[PDB]
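In what follows, a single structure is set out as structure tokens and then discussed.
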Amino acid sequence: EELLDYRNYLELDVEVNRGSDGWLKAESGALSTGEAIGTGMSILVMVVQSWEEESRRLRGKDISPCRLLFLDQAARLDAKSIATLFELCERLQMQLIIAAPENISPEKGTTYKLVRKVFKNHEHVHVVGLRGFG
Amino acid sequence: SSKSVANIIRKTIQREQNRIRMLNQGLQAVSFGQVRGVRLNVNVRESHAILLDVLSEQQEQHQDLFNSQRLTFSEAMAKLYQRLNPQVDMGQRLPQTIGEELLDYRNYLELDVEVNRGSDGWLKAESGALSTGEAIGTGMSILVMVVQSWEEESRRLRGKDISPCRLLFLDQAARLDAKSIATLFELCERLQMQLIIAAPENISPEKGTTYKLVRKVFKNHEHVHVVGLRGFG
Amino acid sequence: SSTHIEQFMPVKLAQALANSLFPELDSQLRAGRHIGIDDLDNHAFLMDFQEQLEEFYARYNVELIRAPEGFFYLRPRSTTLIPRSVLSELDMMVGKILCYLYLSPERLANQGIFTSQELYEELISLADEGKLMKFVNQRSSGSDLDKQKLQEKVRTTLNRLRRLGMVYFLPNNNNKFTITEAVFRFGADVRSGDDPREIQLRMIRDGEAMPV
Amino acid sequence: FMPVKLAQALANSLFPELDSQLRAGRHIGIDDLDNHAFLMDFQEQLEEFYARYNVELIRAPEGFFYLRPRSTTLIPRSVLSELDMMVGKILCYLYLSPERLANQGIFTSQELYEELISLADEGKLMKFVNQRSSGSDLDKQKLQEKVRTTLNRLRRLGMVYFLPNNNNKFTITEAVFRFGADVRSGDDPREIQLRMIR
Amino acid sequence: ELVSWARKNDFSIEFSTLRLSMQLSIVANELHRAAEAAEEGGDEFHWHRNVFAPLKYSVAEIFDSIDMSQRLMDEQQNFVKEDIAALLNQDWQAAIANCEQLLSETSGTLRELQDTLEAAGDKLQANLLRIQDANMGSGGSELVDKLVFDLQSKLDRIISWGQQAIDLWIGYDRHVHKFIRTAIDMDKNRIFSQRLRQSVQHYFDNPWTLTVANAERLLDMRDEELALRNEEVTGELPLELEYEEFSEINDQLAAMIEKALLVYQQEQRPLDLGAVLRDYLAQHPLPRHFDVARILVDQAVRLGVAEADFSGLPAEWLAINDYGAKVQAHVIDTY
Amino acid sequence: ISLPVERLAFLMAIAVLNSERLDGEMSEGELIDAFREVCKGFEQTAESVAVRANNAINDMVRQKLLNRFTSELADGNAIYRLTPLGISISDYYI
Amino acid sequence: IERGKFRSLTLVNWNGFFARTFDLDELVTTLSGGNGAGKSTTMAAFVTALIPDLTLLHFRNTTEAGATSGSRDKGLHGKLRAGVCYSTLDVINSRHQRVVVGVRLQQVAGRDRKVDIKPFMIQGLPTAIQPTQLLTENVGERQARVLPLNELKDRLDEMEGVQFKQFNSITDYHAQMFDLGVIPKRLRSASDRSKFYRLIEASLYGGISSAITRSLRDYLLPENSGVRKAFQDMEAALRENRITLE
Amino acid sequence: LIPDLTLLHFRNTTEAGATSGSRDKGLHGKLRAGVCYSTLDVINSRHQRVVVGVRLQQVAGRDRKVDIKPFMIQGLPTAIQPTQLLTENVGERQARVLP
DNA sequence: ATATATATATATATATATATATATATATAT
DNA sequence: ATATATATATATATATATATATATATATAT
Ligand SMILES: Nc1ncnc2c1ncn2[C@@H]1O[C@H](COP(=O)(O)OP(=O)(O)OP(=O)(O)O)[C@@H](O)[C@H]1O
Ligand SMILES: [Mg+2]
Ligand SMILES: [Mg+2]
């Protein structure tokens, strides 16, 4: 039954062009946290692209599915990695929701300051928003 | 013999309960996220208190179970645990392993971590119901408790003149906000514990020492350049 | 009918050979290990299928033999398909001493647990000290270096006997051991009340004991 | 119960000798017609029988059968010396194509000795005999005796068939391929064998 | 630590149960008297003379005496073991009754000692817990607690041995029977033993060796020898560490904004983030605007909450400057 | 009765541990550790640690200083207890 | 009492680091740098110097912390360069003794990414000698070289007062490190070592380790042998009763 | 987006792939007593304003369980926000969430 | 005196069987 | 015309047994 599936005839790997070395197999243990996060996001955007291309033949010709992805604890990435992520997502028309404990301050997009409090003996998240900077 | 076993188990359980409860007062209200404190909850388990009572008083009534050639001693203990107290509903694990577990006194104490989250009282600390920074703070508190316990337990073997070194790590310390990191620093300074933390940003600019590492590709190899950082200039 | 076990093998022999204990027990036996009452599982397994296993091992030209004391072992024949070997003379001496300690009531306080030091003390008590040392080294005359050498040789022979099942080291201690009834074989030359030179001939004929 | 065909294999009068030789590590090749045919017929069951011993009954690509002990082997295991492996690889090399014109399948101890001296490095030879040795008569005599001993040990394994006489002249079987290296497309067997040995 | 103390010191060189009962009775009486005196209470001198001089010395001495009696029982145990061993050497089959008897008396004595120990262990423990309860009547009674913690273990310890010894003896006993059932049953006349002894003495006059199966070991292929990586690495050695300093500009800005904003909290004036941000950002160049806005918001949200946030009516995105900057926040009313 | 400095220190350590021991029993597994510690403190290596420990324990047992009981389950398969003479000699100084 | 302290951590010939000594802090040392800077490598070096067991050392990403990725590689081999590598911790004891513990690491040649570690300890080294220099030889014009264990032993033995020990087992290494107040617990058994590594690994990845919180009993409460002996006694009694019944 | 209770498991960021440890999926505590809503607002390529969402409710009982009912709204005017449909502006200080 | 072989124990990852809880379609009482 | 109970499929994750690799002790032999 496995043999009857053409995909099983194909070998798939993820490769990264790391530093002065050539293309290496992408091993989670042989990469830093930021590099692994970037590689994962790249693979995810590829998967989304693949699904949209697969389903385009079964949709109206003028339907472009919405694209969105998350990134929790984005503070694990430095400024350059975050800039690369934003450039990559803008190129692909993909939306991003990133959660940062105030460590990073990306100037482009919308930002929401959250502050937990107690009001009327109930927990309340005071939320303020900014956008348009840059 | 069964009576003696039950009595020794009870004595050891009481001693450990008292030790842990006395130790609990060694924490001073860490402020991690909404978590305002961390505590250890040690209590003799009733599902095992019943078993201890049976072993101490009513060994002869269940002899149909102990002297069955099919069941080993561990399996016999597991089956007796099943017999009385039948609402526990243990899972797929075999009788042999759940009996070998019963042969250990520590399993007779429920030993949980409670956190004083906000204003809801002391709740069992489960990762599924805690922020990431709150869980990091709680975990580090538990780790320092473990280290303190180990050091105390070795106070006899060691010489009177040596106090062991203390050190712990924190990778991706950027997941903690300023308040949590300050709390960690003060808690460690109180406990004479060293910390080595890593973060892409200078998350602690005014405490301890700080280095900045920059990796440079250089003639087809990689070299790291390290420069210290100072609080003020 | 065909596709039926009785065609090739007896049912009980097949059951014995299919038992979970058979492979380890067989490897140990072929290695030369004697089986005593202490190995409750293995001893009972041998007892249940003694005849089936005996006829199985007969195919190798080796006799699975149960001494009257109740311990099983293997005696290869001259045409053995499984190689054969003879204990060293020092091994015979130490085995005789171990049997003596098994039968000695003076050591009753030990409760069967003995240390190599006690074994060596008994050995020197019953044997000829310097003339026993002669085998350890041809040029010994009471030198303490040769004394330690003899102690080490006795320790090595004790380990070898442990490998043969004649002795068990304690579950946590390798410096203490408990004797087993297998040691009785070291007295097979004297269990019968006859002339030693005739009993020796009987044994060597039976394959029990080659000479040196 | 027991598998029926397994019982048939165990009952066969060939089983005792073959079992002893397998548990002794001997390799059964195509030369042993009866034993090889027995293993061919009953492999599907003898593999399970010897897996009960935490050992694997392996049929090599060349065809010869053998037993590979696992870490949890119930059969007392043992390991060949370094000189043993060197001599095994030497014999594998001598299983050559030029071999047909060189010795016609019959070699002598002198061939192996000269090949070992010329081919191996001096440091490994000394490690075999002893480190402090240096090109001496006693050391070389001891080395030759150890070579003979390892040749006998290999004979026990079936790698080398002695020609029947006290004199040391033998033939090399295909099972020796165990010491050999893997073969790639277009690789010269001599070159790869020597690269492995070096 | 005592090893150095010993090194510098330079030094070198009644089993009757009626007794045990009478010491136990004396201990019970004295312990009850001391416990009652402690419970009644008194000053520091009374506490001392009633719970530290009488209790401490008496209980320590008599518990040591009871332990000494147990040690004497252990000595008798050893001696009876030796006597049985010596007797079996002289009579062999005819000493079986003697050895069984001796085992009987020793077992009975051990059981009686255990019975006498447990005859008063419980009450003594109760009195000791009572003294624990009464100890807290004064702050200087710390030492008393130690005894109330020490005299516990000893007592219990004593009782423990009273069973452990039997646990040991009931073991030894069995072995002896086993010996008679195994060693002497097949050597009733002992002839096998003497003949084995003479064979050992005269073994080498007819040296013979037994035969054992010696199946071959399964020779295996040696794993490849492991060779490390050697390259004689060389490289430039690092210079002295340089240093860099952190900019506190943001600290100055935050302090400025905090001072400018505290007036709103002081006066409880309704704070509107839109207007405040629009006014305040005019004081800085455009590139810095973001770094101001964030900080300002951080300072404003600590000051009370906005009551409108519970109305379910979303707020608008008010522009706070040119170039297209916007803010979404309700007026902060509840300080 | 013959207690060199090392034997005396080992006996005193045994007495101290027995005083601080919970139930007043000493398996040889702890006696060997105590002898190891005393010998390390005295800084002398005539033979191996194990042989010295065994010889000293046997000498004290035969010198009426310790009593031995064979219990297989106990750590070291033996349980040792101070004898009245040993108690007296130890507490004379302690 | 004055608790001992880690003065510094030295990496010689690691991935990126040729010979770098970080002077740790009495309370807190911070490492900063963009992604791929080499902070996790520094902590890997420290942990390897502390617990050199190769059954334990497993440097998973901070992501998938404890999640089986099927990589088959522990991640230690890639962090070292070809040649001889060192990882040493300098510790000032409670007794004011400067002891330099450490390991010599070195890749094993071949396809499998396997590493070889040999611990060692140095006592009595003068306070004026830096471990960065002690492990390197100044060969060339300011072009120091890394020297192996044998050369290091020769260099140290030629000094006066320094005691260099090399350990044939990790157990002896940990015993010596505990005797000198570098570890809280005595890691006599392999399980003790596993628990120590679990604690440091939990700290490294931060927060509630599943392995720890699932065995807080094994980590906090001590083992007791009296209960086990009592259970063995009851087991023996039950065995005898069963024998009689049968 | 995915109102399936088999898959929804809001474990902690640390322990991102680790086993459950506990049995709670982490969603019950994030809700409050009453009727909760989680609604996305979407503008298609065809420029239709579609308001997708789910209604959540703590299932009262012994355990910590949740009930999710998906729903979709189409054709809403652009001048009405999702927080205006689901809350009645009663005269009190705080609005009322309607089922 | 020390290299080397051997047996044992532990940690770690793989693979399979199985019980639990949820989602979906149909049946049947309300 | 409806909502609850059933049967089915599925993913989750729980536990066991296996096999591998590493560390250790230690017993042999030169
Ligand atoms: N085992 C390995 N094999 C190969 N390269 C590795 C290995 N481990 C780390 N690296 C590389 O070393 C460099 C430093 O990685 P490292 O894990 O030290 O980063 P880091 O300081 O933790 O960074 P981040 O902040 O992104 O977590 C990166 O290029 C990483 O790819
Ligand atoms: Mg979070
Ligand atoms: Mg990292």
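Residue numbers (the deposited numbering), protein chains in the order written: chain S, 1335 to 1468; chain H, 1236 to 1468; chain X, 2 to 213; chain E, 9 to 206; chain U, 10 to 22, 119 to 440; chain G, 22 to 115; chain W, 2 to 247; chain F, 51 to 149.
Beta carbons: idealized from backbone N, C-alpha and C, even for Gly.
Taking non-hydrogen atoms of ligand 3 into account, the C-beta of U/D427 is found less than 7 Å away from none of them. The three-state secondary structure of U/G146, taken from DSSP, is coil. Each of S/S1366, S/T1367, H/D1406, H/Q1407, H/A1433, W/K40, W/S41 and W/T63 has a C-beta closer than 7 Å to some heavy atom of ligand 3; these make up the full list, in chain order. Apart from the 5 residues on each side of it in sequence, E/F73 sits with its Cβ closer than 6 Å to the Cβ of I36, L47 and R67 in its chain, given in chain order. For U/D325, the closest C-alpha among the options E/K154, E/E107 and E/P84 is that of E/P84. Boundaries of the beta strand (DSSP E) harbouring W/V100: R99 to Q108, taken from the DSSP string. Its Cα nearest to that of U/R235, the residue U/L136 stands out among U/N183, U/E166 and U/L136.
What F/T128 touches in chain U, judged by beta-carbon distance under 9 Å, is nothing: the nearest beta carbon there is about 13 Å away. Taking 7 Å as the Cβ-Cβ cut-off, the segment 363-381 of chain U has no residue approaching chain H.
Put simply, the segment 199-209 of chain X does not touch the segment 1458-1465 of chain H. Fewer than three CB pairs are less than 8 Å apart.
Nearest CB-CB separation between E/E90 and chain U: below the 8 Å threshold.
For the segment 74-104 of chain G, the set of residues with a beta-carbon nearer than 7 Å to any beta-carbon of chain W comprises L94, in chain order. The way I'd put it, the segment 198-206 of chain U doesn't touch the segment 117-133 of chain X; fewer than three beta-carbon pairs between them come closer than 8 Å. In the DSSP assignment, W/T245 falls outside any beta strand (DSSP E) and within the unbroken alpha helix (DSSP H) covering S226 to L246. Taking W/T137 as the centre and dropping the five residues before and after it, the same chain places the C-beta of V13, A20, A145, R146, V147 and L148 closer than 8 Å to its C-beta, in chain order.
A Cβ-Cβ contact shorter than 8 Å links S/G1466 with U/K431. Inclusion of S/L1448 and S/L1430 in the CB contact set at 8 Å is not warranted, their separation being larger than that value. Taking a C-beta cut-off of 8 Å against chain S, the contacting residues of the segment 57-73 of chain F are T63, listed in chain order. Note that the C-beta distance between H/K1395 and U/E10 is below 8 Å. Taking H/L1300 as the centre and dropping the five residues before and after it, the same chain places the C-beta of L1306, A1311, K1314, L1315 and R1318 closer than 8 Å to its C-beta, in chain order. Relative to the non-hydrogen atoms of ligand 1, the Cβ of W/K80 comes within a distance shorter than 7 Å of at least one. By the rule that beta-carbons nearer than 8 Å mark a contact, G/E46 touches chain U.
Residues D74 and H78 of the same chain have their beta carbon placed closer than 6 Å to that of F/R114, with the five preceding and five following residues left out of the count. Interface annotation, H/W1385: in contact with chain W, CB-CB separation under 8 Å. H/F1467 belongs to the set of residues whose beta carbon lies under 8 Å from a beta carbon in chain U.
Annotation: E/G33 to X/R156 spans about 31 Å, alpha carbon to alpha carbon. E/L99 and E/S79 have their alpha carbons spaced roughly 28 Å apart. H/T1445 and H/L1464 do touch by the CB rule: their CB atoms are close to 4 Å apart, below 8 Å. Across the structure, U/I271 and W/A238 are spaced so that their CA atoms are roughly 14 Å apart.
Distances between the C-beta of S/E1369 and the heavy atoms of ligand 1 include at least one below 7 Å. Straight-line measurement puts the Cα of W/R99 at about 57 Å from the Cα of U/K228. Close to X/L171, with beta-carbon spacing below 7 Å, are these residues of chain G in chain order: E93 and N98. In the DSSP annotation of this structure, U/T339 is not part of any beta strand (DSSP E), being labelled neither H nor E. X/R85 sits in a strand when the DSSP states are folded into three classes.
The segment 176-185 of chain U makes contact with the segment 99-110 of chain G; the number of CB pairs closer than 8 Å reaches 3 or more.
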